[PDB]
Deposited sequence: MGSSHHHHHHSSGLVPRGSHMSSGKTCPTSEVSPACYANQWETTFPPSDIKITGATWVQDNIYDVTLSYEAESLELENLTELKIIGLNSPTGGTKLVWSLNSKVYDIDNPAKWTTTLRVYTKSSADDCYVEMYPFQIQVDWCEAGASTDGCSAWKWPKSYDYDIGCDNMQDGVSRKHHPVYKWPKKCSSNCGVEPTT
């Protein structure tokens, strides 16, 4: 009885979530960052829910105008906001380190035991449009910039992106 559902996901082995490509060099513009997927769950067909982890050198939360994922290939929208003064979304405590859930479309990876998500960007905007300007004049970097995530735009082992996208087993299976 207890094992039968009442009507009409699989989490991926964490060790099997890893980068979908490697390179000798990656783009090094903007503050240093560490951006990766840390878990995946199969929803249905080519749709998964993933945990994106972000760490980067930053200003303070009060300086932050907007922080969002853009260009996302997803059934629930091309944009996910993590912080937006203008749209009133307040989902993180610290801009330097946070996770977020993303629902994403996938495609078959080179090794077809795995699937991978599509390229996307993380746009960061500081010190404008109602954000505090305190400490913004000591900031060495631009006030607005984008981390580019992808396994595309790679020539002879050099990527023009900041970080790879991630792959994980198809259906979050344990076969791989």
## Note on the structure
The deposited sequence goes unmodelled at 1-11, 20-23, 192-197
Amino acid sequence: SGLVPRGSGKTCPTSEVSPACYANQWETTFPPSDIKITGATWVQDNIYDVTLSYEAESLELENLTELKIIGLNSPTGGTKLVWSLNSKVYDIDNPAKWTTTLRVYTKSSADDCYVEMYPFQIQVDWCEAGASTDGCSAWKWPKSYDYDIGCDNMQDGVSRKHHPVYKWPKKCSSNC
From here on, numbers count along this sequence of modelled residues.
### Query
If you average the Cα B factors in the entry, which is higher, 29-37 or 133-141?
133-141
### Summary
From 116, 45, 148, 66, the top C-alpha temperature factor is at 45
### Query
Would the CA B-factor of residue 111 place it in the lowest, middle or highest third of its chain?
highest
### Query
If you rank every modelled residue in this chain by C-alpha B factor, which third holds residue 127: lowest, middle or highest?
highest
### Query
With respect to C-alpha B-factor, does residue 160 fall in the lowest, middle or highest third of the chain as deposited?
highest
### Task
Compare the C-alpha B factor of residue 154 with those of the other modelled residues in its chain, then answer lowest, middle or highest third.
highest
### Query
Compared with the other modelled residues in the chain, in which third is the CA B-factor of residue 23?
lowest
